[PDB]
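Note: ideal-geometry Cβ built from the backbone for every residue, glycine included; neighbour counts use all protein chains shown. Bear in mind these aren't lab numbers, they're just calculated from the coordinates by the rules spelled out.
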Amino acid sequence: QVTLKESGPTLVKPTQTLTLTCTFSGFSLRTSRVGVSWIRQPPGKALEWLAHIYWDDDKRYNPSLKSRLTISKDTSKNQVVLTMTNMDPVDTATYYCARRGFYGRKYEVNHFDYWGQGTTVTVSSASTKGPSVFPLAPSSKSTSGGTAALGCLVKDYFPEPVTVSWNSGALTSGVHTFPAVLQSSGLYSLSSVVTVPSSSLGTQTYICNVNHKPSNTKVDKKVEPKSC
Amino acid sequence: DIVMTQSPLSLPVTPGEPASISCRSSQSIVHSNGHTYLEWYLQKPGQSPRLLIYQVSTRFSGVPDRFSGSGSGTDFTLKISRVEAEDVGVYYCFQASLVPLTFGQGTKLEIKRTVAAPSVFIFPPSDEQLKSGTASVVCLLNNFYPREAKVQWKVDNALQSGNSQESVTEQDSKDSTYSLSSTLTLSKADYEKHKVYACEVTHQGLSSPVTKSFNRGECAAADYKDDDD
């Protein structure tokens, strides 16, 4: 399988320079005719194309950001790099790399095929901060007609994103991780919630896994009902 | 330059029904080589967009028969013949013939589905958080449709404003529902001045409002357990 993966800084102070990387697997840039683009999506906004690099090292750039963009290649490490200078709060976004592949023996067909998972970039003067994680304990007040809710409250972290699985190894059916909201304090908060059978609530362990890559923190919180 | 418009931006559709999206470009997107590089994507919430159609009308592999594209020149159409639950998300058309390559503004498809009341749950602050000097009370409206909902907070029977905040998930791709959290935000001290914390949910699926509440520092009655030695 071919795969692309973005990495780079998650936080860049305004006016500073962003370097993002797209590593490829399953084929070798160095030997292929494919193009590679960078595309970004600010939260709640449309996709915007940024830059493209062809196999031969020709390059195109979005006219309105050209002066601040550089796309380049490192074929010994199988990467494609984006440098973006003078970062601005309006540049906070998910950045994706996408491949434009060729199909047919003679090279008859091209179109973008694979995109990376994306990487979240935030432009801000604020420091990085790890989350505190708190149980949302199941009770009769969090139950209705054979169904019970419990959760984790993931709070006081910066910047985005946090990932939350359930059970040290994702289990699902009724898992809801709410989009984060930026608090009054300027830190993010969110809840992740799961609904389960209410009459097997005390048979089962529910231990929520929180990872915040920017700060290096990983937390596992045992969520137990009761107090008294 | 080269502008891409989509119509409409919000598309409500009853499952099993046809659906149709427009994508017009302000000048021809026919590449000099003769080909028209028109691509359509489906983006699921917080996730990487996935290619449906390329070259105007060619369905990418793994993409179900119900998806098809058409038009030419400046006029384009994505057609879904039989809308499923799995098709919810945001659709984008993308011209990749001309620099700068451009995407349309995106069309959110919504499943028109069928009415469902929210389940209402409430969660007091944990002792852990109280420890650090903040209190967060979470109310939870699970698995409802449609989106519109009114969640009101009452602390010792007074209506709160300005200290709560909502967060909504996207339409579930399997059941077509939403879920929403409302979080009450207070200092530990303000939290301790009061006893009854109440979350009040109104929704066109419930016949009258449902309230859920608890009393600070007390275990609820339904949660009776015998004492130990």
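Quick notes on this one:
- Debye equation applied to the C-alpha atoms of chain A, log10 I(q)/I(0) at 0.09, 0.14 Å⁻¹: -0.50, -0.93
- Test item: B:96-104 mean partner chain Cβ contacts at 10 Å: 6
- Relative contact order for segment B:1-95, counting Cα pairs under 8 Å that sit 6 or more residues apart, in percent: 35
- A DSSP coil position with no more than 16 other Cβ atoms inside 10 Å describes the following trypsin sites (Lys or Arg not before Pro) in segment B:105-143: B:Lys112.
- For chain A, modelled as a GNM whose springs connect Cα atoms under 10 angstrom apart, the maximal fluctuation among A:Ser32, A:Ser200, A:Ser165 occurs at A:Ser200.
- 18 Å tail of the calculated P(r), segment B:1-112, as % of Cα pairs: 44
- Here segment A:122-136 is scanned for amide nitrogen atoms under 12 Å from the site 7 Å beyond the Cα of B:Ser132 along Cα-to-Cβ, giving A:129-135.
- When Rg and Dmax are taken over the Cα atoms of the protein assembly as shown, they come to 24.7, 87 Å.
- Computed from the alpha carbon atoms alone, the convex hull of segment A:126-224 holds 93 Å³ per residue.
- Efficiency of FRET from Cβ geometry, A:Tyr103 and A:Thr128, R₀ 51 Å, rounded to 0.05: 0.75
- Dividing the summed helix terms, -39500 (n - 2.57) for each DSSP H run of n ≥ 4, by the number of residues in chain B produces a 222 nm estimate of -1000 deg cm²/dmol to the nearest 500.
- Separation of the B:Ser213 and B:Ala85 label points, Cα + 7 Å toward Cβ, nm: 3.6
- Applying the Kirkwood pairwise sum to the alpha-carbon positions of segment A:1-125 produces a hydrodynamic radius of 14.8 angstrom.
- The mean number of Cβ atoms from other chains found within 10 Å of a Cβ in peptide A:179-185 is 3, as a whole number.
- Per the Cα gyration tensor, segment B:119-171 maps to an equivalent ellipsoid with semi-axes of 23, 15, 10 Å, ordered largest to smallest.
- Using a simple spin-label model with pseudo-atoms 7 Å out from Cα toward Cβ, A:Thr3 and B:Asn157 lie 6.0 nm apart.
- Rel. contact order, % - alpha carbon contacts under 8 angstrom, at least six apart, chain B: 18
- Ranking B:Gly34, B:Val168, B:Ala116 by Cα position along the charge dipole of chain B, where only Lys, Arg, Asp and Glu carry charges on their C-beta atoms, puts B:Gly34 farthest toward the positive end.
- The equivalent ellipsoid of chain B has semi-axes of 49, 19, 15 Å, largest first, where each one is the square root of 5 times an eigenvalue of the Cα gyration tensor.
- On the principal axes of its alpha-carbon atoms, segment B:124-229 has extents of 48, 36, 26 Å, going from largest to smallest.
- Gaussian network model of chain A, Cα within-10 Å springs - most flexible of A:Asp91, A:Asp57, A:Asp156: A:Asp57
- FRET E, pair A:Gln16, A:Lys59, Förster distance 25 Å, beta-carbon r, rounded to 0.05: 0.65
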